[PDB]
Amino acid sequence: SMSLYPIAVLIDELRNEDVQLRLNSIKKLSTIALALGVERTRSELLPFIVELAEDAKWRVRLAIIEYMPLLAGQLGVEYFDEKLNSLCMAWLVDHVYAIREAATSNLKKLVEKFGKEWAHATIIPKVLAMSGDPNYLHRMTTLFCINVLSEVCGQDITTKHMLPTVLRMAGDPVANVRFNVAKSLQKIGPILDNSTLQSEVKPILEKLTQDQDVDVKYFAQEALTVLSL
């Protein structure tokens, strides 16, 4: 079916010094890897996909992040966990925001593909690990992730595993993290039950309206209004 494919020509294009040919060969992978089958892409294509995951140019990295959900879909959940989970996590810590932003959207698409129970097992912890990062740019990623993930994780996982972290980060030294707690609570709120909302969310937001910082105040007040509290 594809045992006469000139795969050597493709590999030269993936490892090419010219950036444009790297990007153009990545655009093929989606269709090519399907026709080439699980075994051949795993043995013949995957070592080059892994290289490109950490390419010097961020736009090449971005294209791999966008191809990731299809590649995981083809390769199945069991193999993803052993070779590809690390790639996806290392992206959330990337120096370039655009790469951080896209690795977040990626987590969402993977959860839709593999389901919420798998997310609890293999994703949620690694995301929460970042909440203790010395860098505010990284600590914020945790919240951006929680925003995106709470949708597809359902009420319970959100309440038990994601919510306590958000509430803890309300006491962060950095205001940017603090107002992003207010924004997160506005986003994840409608998913939680009213008891949880009235008892655990409402007191935190009210304390956040007493914050020194103007932006924390505003977004805290805005969350209270939106969630009707």
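One-based numbering along the sequence shown.
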property	result
Stretch exceeding the other in mean C-alpha B-factor - 130-138, 114-122	114-122
181-189 or 23-31, whichever carries the higher mean Cα B-factor	23-31
Criterion, highest CA B-factor; candidates, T158, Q74, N106, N147	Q74
Selection by C-alpha B-factor (highest) of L167, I64, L36, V174	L36
CA B-factor ranking of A53, expressed as a third of its chain	middle
Modelled-residue ranking by C-alpha temperature factor, third containing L143	lowest
CA B-factor placement of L163, once the chain's modelled residues are sorted into thirds	lowest
Third of the chain, ranked by Cα B-factor, where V216 sits	lowest
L84 - Cα temperature factor, lowest/middle/highest third of chain	highest
